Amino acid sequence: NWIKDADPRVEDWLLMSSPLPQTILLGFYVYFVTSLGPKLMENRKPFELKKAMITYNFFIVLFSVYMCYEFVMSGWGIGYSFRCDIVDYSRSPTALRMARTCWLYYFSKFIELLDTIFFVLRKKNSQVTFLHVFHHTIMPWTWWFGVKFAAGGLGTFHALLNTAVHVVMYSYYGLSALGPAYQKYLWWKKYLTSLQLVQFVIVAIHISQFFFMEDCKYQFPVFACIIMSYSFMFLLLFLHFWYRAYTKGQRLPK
């Protein structure tokens, strides 16, 4: 009965039949990065994945630039008001482009699971934190419902902003993968964390408009609450990160 409200446009798309295939994948991911992986790496030397990391980070930067451009050309730069933007459920070329860009953003969350696989294989267990695993699990898991029910409108603003910030974030990760010699020039590490914090604030301020807009016909109000609560959860997790990494100096720039 609940699946009768799903967008029929995404029915045949990869992983969109039911939430079960992604729950199995993410269950195996959580099991691997927190339990199986570190156990298998315990009596092994770390893997040398410098070239794999550099190629991966470069691909994510270009893929994020592409998804940002597609979100701009699917609505955000061609008519969206930045207030009550509703989903367009028609089979028009522009409405399908916005739906497919949401699907692409969702799929990119599964590719970004490789971040945690690199941490495990490189034996960087200090980077497998609650903040990282929680974010990398709940972002794709919840975005399945966004692609399935509301692939467009005001619910995609945080994705437009996130793909633009992930261009800076994975350029930092790409530059840091070059080695300890190149990490000394990444003095602006704290400015990237500030950008991520400012991103959650802007996402919360944008989605908060939903609660005040009379006659807003955005079709799935529950996503305003999810977006608002998740941006608060990440703002708290990233403020705890800022506190131990910089205020307490556990992960200062090199």
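Don't overthink the numbering: it's just position in the shown sequence, from 1.
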| said: Regarding 33-41 and 57-65, which shows the higher C-alpha temperature factor on average in the entry? | reply: 33-41
| query | Taking the recorded C-alpha temperature factors, which stretch has the higher mean, 47-55 or 185-193? | reply | 47-55
| task | By the entry's C-alpha temperature factors, tell me which of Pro140, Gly155, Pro180, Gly174 sits highest. | result | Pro180
| note | Quick tally, chain-level thirds of C-alpha B-factors: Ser108 sits in the lowest
| request: Can you work out whether the C-alpha temperature factor of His240 puts it in the lowest, middle or highest third of the chain? | output: lowest
| query | If you rank the chain by CA B-factor, which third does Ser90 end up in: lowest, middle or highest? | reply | highest
| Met73 CA temperature factor, ranked by third within the chain | middle
| field | Chain-relative CA temperature factor third for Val222 | value | middle
